[PDB]
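So basically every Cβ, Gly included, is an ideal-geometry build from the backbone, and we count neighbours across all protein chains shown. The values are calculated or read from the model by the stated rules, or taken from the named source; nothing here is a laboratory result.
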There are 2 protein chains.
Amino acid sequence: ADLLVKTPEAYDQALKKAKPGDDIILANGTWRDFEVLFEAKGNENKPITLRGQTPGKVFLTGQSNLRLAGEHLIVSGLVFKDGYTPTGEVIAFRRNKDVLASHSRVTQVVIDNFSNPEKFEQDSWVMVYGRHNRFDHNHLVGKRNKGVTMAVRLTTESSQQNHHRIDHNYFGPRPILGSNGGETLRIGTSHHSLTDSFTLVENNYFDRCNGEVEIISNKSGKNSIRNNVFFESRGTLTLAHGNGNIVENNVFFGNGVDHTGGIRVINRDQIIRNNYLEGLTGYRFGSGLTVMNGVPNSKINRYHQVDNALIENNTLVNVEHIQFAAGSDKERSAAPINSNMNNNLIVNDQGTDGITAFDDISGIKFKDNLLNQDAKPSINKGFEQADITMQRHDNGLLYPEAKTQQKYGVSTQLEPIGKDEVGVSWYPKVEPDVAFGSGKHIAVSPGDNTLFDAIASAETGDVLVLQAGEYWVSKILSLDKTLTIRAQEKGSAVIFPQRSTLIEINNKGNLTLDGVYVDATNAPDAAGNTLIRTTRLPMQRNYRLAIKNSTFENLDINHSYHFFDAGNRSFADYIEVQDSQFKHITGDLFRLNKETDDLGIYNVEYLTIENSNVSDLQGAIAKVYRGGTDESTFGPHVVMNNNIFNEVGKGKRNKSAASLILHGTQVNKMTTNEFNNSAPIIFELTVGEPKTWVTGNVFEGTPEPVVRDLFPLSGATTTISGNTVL
Amino acid sequence: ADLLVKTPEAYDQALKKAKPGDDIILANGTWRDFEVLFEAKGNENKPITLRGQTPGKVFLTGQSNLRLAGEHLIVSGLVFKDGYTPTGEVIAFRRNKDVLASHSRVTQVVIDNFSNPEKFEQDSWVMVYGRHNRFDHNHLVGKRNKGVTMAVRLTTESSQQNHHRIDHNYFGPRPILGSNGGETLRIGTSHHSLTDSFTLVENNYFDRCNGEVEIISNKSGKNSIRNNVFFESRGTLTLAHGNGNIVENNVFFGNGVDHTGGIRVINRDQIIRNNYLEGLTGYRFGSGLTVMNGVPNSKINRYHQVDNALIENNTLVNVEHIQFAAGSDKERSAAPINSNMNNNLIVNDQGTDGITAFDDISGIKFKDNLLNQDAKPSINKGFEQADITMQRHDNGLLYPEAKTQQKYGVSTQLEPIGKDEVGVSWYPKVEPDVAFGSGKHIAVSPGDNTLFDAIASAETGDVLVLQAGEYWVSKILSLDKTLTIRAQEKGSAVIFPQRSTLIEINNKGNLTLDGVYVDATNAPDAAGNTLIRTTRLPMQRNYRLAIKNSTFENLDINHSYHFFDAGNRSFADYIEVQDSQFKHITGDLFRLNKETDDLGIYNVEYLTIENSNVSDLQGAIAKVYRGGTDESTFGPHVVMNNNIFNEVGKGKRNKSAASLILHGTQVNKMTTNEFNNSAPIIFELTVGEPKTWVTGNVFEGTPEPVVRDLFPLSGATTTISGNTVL
Ligand SMILES: O=C(O)[C@H]1O[C@@H](O[C@H]2[C@H](O)[C@H](O)[C@H](O[C@H]3[C@H](O)[C@H](O)[C@H](O[C@H]4[C@H](O)[C@H](O)[C@H](O)O[C@@H]4C(=O)O)O[C@@H]3C(=O)O)O[C@@H]2C(=O)O)[C@@H](O)[C@@H](O)[C@@H]1O
Ligand SMILES: [Ca+2]
Ligand SMILES: [Ca+2]
């Protein structure tokens, strides 16, 4: 029977009287603050269903969540948006610890940016318990807070040996968390990694899941992770804990996107076969292929020795790093044993074969692995060279044209599931970011508050074009959308801030300045001014900041007039300065050092300053800080080239005494710069083997770069060469 | 004529056509975001009035304010609430720097928690300019942000020599700022303090004005502060800058409340006569009567030598500190000069007369002063003892029973104005705090998010009574009201947190935990958990936290699991732990060290731990920090008696290497504790002559107390005695 319900109370009555075979039907509409406890007992061939009347037209908003409990249940056709769960998870396969759900299915459900507003209160979106449950054809996108998106729980035997099936799901874009805990899928936990889960994870599409280094974190036994697609995703499929796992038929399209892994092998009896990997640029534990060194003999929470890994019939095209025995050190002294790497195909366009060994690899028997002539080998036995021409098939995968060479690599029958073959047809897969300049151009004339008004009425992605004239700003400009402020004629538009802040970046705000000139002479004669800042509230979305062809002068009417000040727990997807000029500033340029509690949280992923001129700056050019020992993130990157810095950072209120102080930054590149009469660069290198290059610069009147290694000598590759000190 | 208006447009029209003698009447209701400019020109006896239709029914909310410009204006019957001023003031006697108001009157206006939500965005509530203005029968309560509540500016000679008159106002409870800049009334500034103001401040009631050390800051010449009543106010009447002032017929009822001043005499030609001071406990610069030493040569922003002070006919009853030549040091080297103290009456029942002289006091002649028999004299010439019996007259003041003795101290004619003779009779004077356990008792049972719902439905002041069982908590317990959580049988209610936060203290939230048992084993496996914390957003209300008979165990599933985490710019009125046990915690216990910018800002007024047990805490018992050189506040106060600390503070991530680290705390008492096998106590003494007592403790297996003095040698009194160091 069909049981249409239009109020929660009516839902409560229908649940009390549903029978095996009935459908409880939630009427089309918006159900705000609806905590669904769907607790019932269907039969094997007569389930009890909870469905939205029209998939796409039932929305659960506000503090809404779902919990299944009982057996033989089905939930379908709901959308969770505009809100966030009041509990630890949006969808849970249990009432609580006392009543689990088994033999139940959740299908065609959408969770779209149902993100907790506090970026670091932790939750998950899907939490699976019990046994023989299915989570299929669902759509999850835009999780911006701490916490893995979907987890299989194993906390009781009831939930173990579960044979859960997780298939045909759209695991859509997850922005960078800027901390640890941004996994998309976790199966089990270190404390239960020795139990057998038997989870099948098949035919899912992972579309730019960029939350952290582990996309999938396997932490239990005998799971099968097969036939998935990982598209431009920053991270890896990591067999972190647990033995006896099968990783087959997966496809990785990194497209050369920065920091794409990766199958990471740890522990024992893992089977890695018939996987196709292409365009992966990740390195170290994010490499395209990684066989770890273990710790012997601990201790569930530590990585154990790789033992009886079988690694066969994989294809690796333009994979920049294949790492054997990676992580080797005093704790990770257990090199691989009893393994086999057979019939793989490695093709690499830039000379090398990407392989690097960090310990004895005699524990891996290599046999019948093909690589291309130009690809210089790193291992003698097990790898031969040949002339390959790779040609793309109708399935989208590359293969040797020689039919002899097709006993190497993946089978020609691999059909990677398509992005349009997962999720729900009735909910659109969209781009997560508004592109700059994607809207309309809007002419703005000078005056009083004309910049304020043009912003309030612009639509997201528009471009404000400033005619010639002066622009006085006596109201703080708040940015809650993607906006470019361009000058019609470069340098002909002059903005005069009149308040302690000129531009506050808010949730959904992203800013490009292009050709503007800022004279801060008329700012409030007070200390602490911040020309540009994020909202001082905790944010929920990352933000983008580009500054091109712009000039910013006279931030000096009182002390500590900062150019950019990031708020606590804020995160810039990138901050980029280009062909811009700065003169006379009494405070710091970029304050990205706010996360002082040393948990691995940082404020920016890519800071880039190129072709720009900074003169008379009392504070630092950048204070960037990522404290602690976490190795789950990839940033910050700091890249600064072709700039001229004069009289920078000598100020007395600059306690760093540096013109750049980078603590915990993981990629540094300072090339072809001028550091005239300034304070020195200071690095404080931490965990994770950070890579630093400072080559080709002038240090006239500025001391030499200073390297403080707080974790020596743990792999930190620093190359400070090619500079001339005067 | 009466011009009733119902909209701002209709208000503008009524103002254009109004003439001397008319009344612009704002219609009853709520006027949101109404920035009122009331500029007009009345006549000496035909004023132009702006007034609410019914006093008590016209509300200006949101971003509203009031400016007065012209002459012979009157504003009356308005209530500012539910918002804050979008400029520098809520009420201002000027349009701007060049159009002021004179001969104008603000009367019967209420400002009630119209506080800017960001504690350290500074505004004032009332700003007077011009001449011959009046501010009377008003009601100001609940200003929670930096900035004097009301000031009289002398920016120009147009605003000097004003004879302004400020009378019959209720200056109601102002909470402890936790910082400099929480004065109630300021009359001038330092730079203008040599101009005469002739402002009269009379018949006002200051009720728990606890913003900072200065209740009133006089910084002008020839003002007259008389017939005011200061009730349980934690501050002083300070003659900061400016000469020729008279302080007379004032009444101070301290009621023995902590940190009650005080008339502080600085500068020249000050008359202090016929004031009644009783039950004042303040000391150093917040003493009941303070005669400062000055700076001799001799700028304006500098306290100048006391010269020709007249201090006569005052009555001081249980005034614990009367400090002569206070502040004497190398810069403040000019002792009082040409002054006189006559016919005062000191009656103290604590063995002493409370007098301390810190320098040569021959520049003060004493004549005909009386003291009770039991008080040990500190001066003999000009003082004479007698048998004194004090009876309380019907004006509420104590007078000698002997007629012979009535020529010392205050006149019997004084009539101190009551609390019910100020403000408006149509707006209530309520209590600023809800008392714990003032509400009703609500029984609670376990366990399906049972505690969360009991909190949702409770009313402020209520007492939840947890029946025996387990309370599994999957939602954050957010408190926006005063509330007690009691176990019906101590230790029989067990609370299992399952989130990174269990309890969030929000605005208006205040918590007592009595007899609860918390086991946190099931918290999320992630670093940085906090069992209890303030909101991470900006907090407007101070909070109170009391923890009794309660046990908190197993906060150790991952590193840095703190028990209490204070949020930036938050402030605890007190934190009180009594008879409680804590076990196995990897983070700190009380993180009260968040204000690292060294501006005088702190996080707690009283931290007290007593009769309690902590074992296996890797972080500190407390990290409480107040940096800089500000001397405007009174705390923190840290008191720890009769505890047993075991295996505390030795954790690798405790950068303090301390078990207790107090920087800038002003009163410290560690007595009869056991510090077994722990990191040491570490004091970092700052300014303010702080007082420290470490007596009777066993430091077994723990280094002795470290004491660092950032400012030796100041008056820092430190008494480390009677401890056993094994
Ligand atoms: O001389 C010494 O021994 C002692 O001097 C004491 O310092 C006093 C000064 O008398 C100052 O008054 C000061 O009060 C300041 C406020 O702190 C604040 O700076 C305020 O700011 C004004 C600003 O000056 C300007 O006029 C602007 O237009 O308005 C601002 C505003 O509304 O805040 O100005 C006050 C003023 O000038 O008095 O600090 C203290 C004071 O008593 O509060 C004493 O603090 C002691 O430490 C010295 O040893
Ligand atoms: Ca992690
Ligand atoms: Ca002050």
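Find the strands (runs of 3 or more DSSP E) located wholly in segment A:18-126 whose residues include 2 or more that are of a type in the set (A, V, I, L, M), and list them.
Numbers: elements: A:23-26, A:29-32, A:35-41, A:48-52, A:58-62, A:65-71, A:73-83, A:89-92, A:105-112.
In segment A:18-126, the matching strands (runs of 3 or more DSSP E) lie at A:23-26, A:35-41, A:48-52, A:58-62, A:65-71, A:73-83, A:89-92, A:105-112.
I'm told residue A:191 meets every condition in (1) within 30 Å of residue A:71 (Cβ to Cβ); (2) part of a strand (DSSP E or B) except one. Can you identify the failing condition by its number?
(2)
Going by the structure shown, is residue A:182 within 14 Å of another protein chain (Cβ to nearest Cβ), out of contact with any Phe, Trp or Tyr (no Cβ under 9 Å at 6 or more places or on another chain) and within 13 Å of ligand 2 (Cβ to nearest atom)?
The answer is yes for residue A:182.
Taking segment B:86-96 on its own, how many of its residues are crowded, with 23+ Cβ neighbours inside 10 Å and not basic (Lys, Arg)?
The number of residues fulfilling the criteria is 4.
Take residue B:385 and tell me if it is over 30 Å from residue B:519 (Cβ atoms), more than 14 Å from chain A (Cβ to nearest Cβ), not acidic (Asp, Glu) and not in a loop (DSSP other than H, G, I, E, B).
Yes: the conditions hold for residue B:385.
Kindly establish whether residue B:219 is within 15 Å of ligand 3 (Cβ to nearest atom) and assigned by CATH to the domain that holds residue B:350.
yes
Given the conditions (1) in contact (Cβ under 8 Å) with a residue 12 or more places away in the chain; (2) in a loop (DSSP other than H, G, I, E, B); (3) farther than 30 Å from residue B:215 by Cβ, report the number of the one that residue B:655 does not fulfil.
(1)
Give me a count of the residues in segment A:644-660 that are of a type outside the set (D, E, K, R) and closer than 20 Å to residue A:611 by Cα. Write out each step before concluding.
Quick first cut of segment A:644-660, residues of a type outside the set (D, E, K, R) only: A:644-646, A:648-649, A:651, A:654, A:656-660.
Then keep just the ones that are closer than 20 Å to residue A:611 by Cα; that gives A:644-646, A:648-649, A:659-660.
Result for segment A:644-660: 7.
Does segment B:196-207 include one or more residues that are crowded, with 24+ Cβ neighbours inside 10 Å, within 16 Å of ligand 3 (Cβ to nearest atom) and in a loop (DSSP other than H, G, I, E, B)?
no
Select from segment A:22-52 the residues that are buried (at least 20 other Cβ atoms within 10 Å of the Cβ) and among the aliphatic types (A, V, I, L, M) and write down the one among them that is nearest to residue A:63 (Cα to Cα).
A:36
Any idea which of (1) in a strand (DSSP E or B); (2) surrounded by fewer than 22 Cβ atoms within 10 Å (Cβ to Cβ); (3) of a type outside the set (A, V, I, L, M) is the one residue A:569 doesn't satisfy?
Of everything listed in (1) in a strand (DSSP E or B); (2) surrounded by fewer than 22 Cβ atoms within 10 Å (Cβ to Cβ); (3) of a type outside the set (A, V, I, L, M), residue A:569 misses just condition (1).
Which one is nearest to residue B:555 (Cα to Cα) among residues in segment B:511-528 that are more than 12 Å from chain A (Cβ to nearest Cβ) and in contact with a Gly (Cβ under 8 Å, 6 or more places away or on another chain)? Explain how you work it out, then say what you get.
Taking segment B:511-528 first, the residues more than 12 Å from chain A (Cβ to nearest Cβ) are B:511-520.
Okay, now just the ones that are also in contact with a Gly (Cβ under 8 Å, 6 or more places away or on another chain), so B:512, B:515, B:517.
Details: B:512: 20, B:515: 18, B:517: 13 Å.
For segment B:511-528, the residue satisfying everything is B:517.
Conditions: (1) away from every other protein chain (no Cβ under 14 Å); (2) surrounded by 21 or more Cβ atoms within 10 Å (Cβ to Cβ); (3) under 32 Å from the mean Cα position of the chain (by Cα). Residue B:508 meets all but one. Number of the miss?
Single failed check for residue B:508: (2).
Can you confirm whether residue A:148 is within 20 Å of residue A:88 (Cβ to Cβ), away from every other protein chain (no Cβ under 14 Å) and among the β-branched types (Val, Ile, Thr)?
In short, no.
Only one residue in B:462, B:433 is assigned by CATH to the domain that holds residue B:548, under 28 Å from the mean Cα position of the chain (by Cα) and either at negative phi or basic (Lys, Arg) (or both). Which one?
B:462
Output the residue which, of all residues in segment A:598-616 that are under 21 Å from the mean Cα position of the chain (by Cα) and not in a strand (DSSP E or B), is nearest to the other protein chains (Cβ to nearest Cβ).
Here the residue is A:599.
Please enumerate the residues belonging to segment B:319-348 that are within 16 Å of ligand 1 (Cβ to nearest atom) and within 20 Å of residue B:279 (Cβ to Cβ).
Once the filter is applied, which keeps residues that are within 16 Å of ligand 1 (Cβ to nearest atom) and within 20 Å of residue B:279 (Cβ to Cβ), segment B:319-348 yields only B:323.
Restricting the search to segment B:531-544, which residues are more than 10 Å from every other protein chain (Cβ to nearest Cβ) and not hydrophobic (A, V, I, L, M, F, W, C)?
Those that are more than 10 Å from every other protein chain (Cβ to nearest Cβ) and not hydrophobic (A, V, I, L, M, F, W, C): B:533, B:534, B:540, B:541, B:542, B:543, B:544.
For segment B:621-658: of the residues being closer than 27 Å to residue B:554 by Cβ and within 14 Å of chain A (Cβ to nearest Cβ), which is surrounded by the fewest Cβ atoms within 10 Å (Cβ to Cβ)? Give the steps one after another, and end with the answer.
Restricting attention to segment B:621-658, the residues satisfying the condition of being closer than 27 Å to residue B:554 by Cβ are B:621-624, B:638, B:640-658.
Checking the rest, the ones that are also within 14 Å of chain A (Cβ to nearest Cβ) come to B:623, B:651-656.
Values: B:623: 24, B:651: 21, B:652: 7, B:653: 16, B:654: 21, B:655: 12, B:656: 19.
By that ranking, first place goes to B:652.
It is to be established whether one or more residues within segment B:666-678 are assigned to a strand (DSSP E or B) and closer than 29 Å to residue A:600 by Cβ.
no
Given the criteria in contact (Cβ under 8 Å) with a residue 40 or more places away in the chain, surrounded by 20 or more Cβ atoms within 10 Å (Cβ to Cβ) and under 29 Å from residue A:179 (Cα atoms), does residue A:661 qualify?
Taking the combined requirement at face value, the residue satisfies it.
Can you run down the residue pairs with Cβ atoms below 6 Å, 6 or more apart or on separate chains, where the first is in segment A:617-642 and within 14 Å of residue A:603 (Cα to Cα) and in a loop (DSSP other than H, G, I, E, B) and the partner is within 16 Å of ligand 2 (Cβ to nearest atom) and among the hydroxyl-bearing types (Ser, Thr, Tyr)?
Filtered contacts from segment A:617-642: A:626/A:602; A:636/A:602.
Residue B:123 passes all but one of (1) touching a strand residue (DSSP E or B) at 6+ places or on another chain (Cβ under 8 Å); (2) within 14 Å of another protein chain (Cβ to nearest Cβ); (3) away from ligand 1 (no atom under 14 Å from the Cβ); which number fails?
In the conditions (1) touching a strand residue (DSSP E or B) at 6+ places or on another chain (Cβ under 8 Å); (2) within 14 Å of another protein chain (Cβ to nearest Cβ); (3) away from ligand 1 (no atom under 14 Å from the Cβ), residue B:123 misses (3) alone.
Could you list, in sequence order, the residues of segment A:150-163 that are surrounded by 24 or more Cβ atoms within 10 Å (Cβ to Cβ) and within 27 Å of the chain's Cα centre (by Cα)?
Result: A:150, A:152, A:153, A:154.
Mind telling me which of the residues B:446, B:400 ends up being in the same structural domain as residue B:541 (by CATH) and not charged (D, E, K, R)?
B:446
Among the residues of segment B:166-187, which ones are over 12 Å from the mean Cα position of the chain (by Cα) and either hydrophobic (A, V, I, L, M, F, W, C) or away from ligand 3 (no atom under 13 Å from the Cβ) (or both)? I'd like the intermediate steps shown before the answer.
The first filter runs over segment B:166-187 and keeps only residues over 12 Å from the mean Cα position of the chain (by Cα), leaving B:166-171, B:185-187.
If the condition is that a residue be over 12 Å from the mean Cα position of the chain (by Cα) and either hydrophobic (A, V, I, L, M, F, W, C) or away from ligand 3 (no atom under 13 Å from the Cβ) (or both), then B:166, B:167, B:168, B:169, B:170, B:171, B:185, B:187 are the ones that fit.
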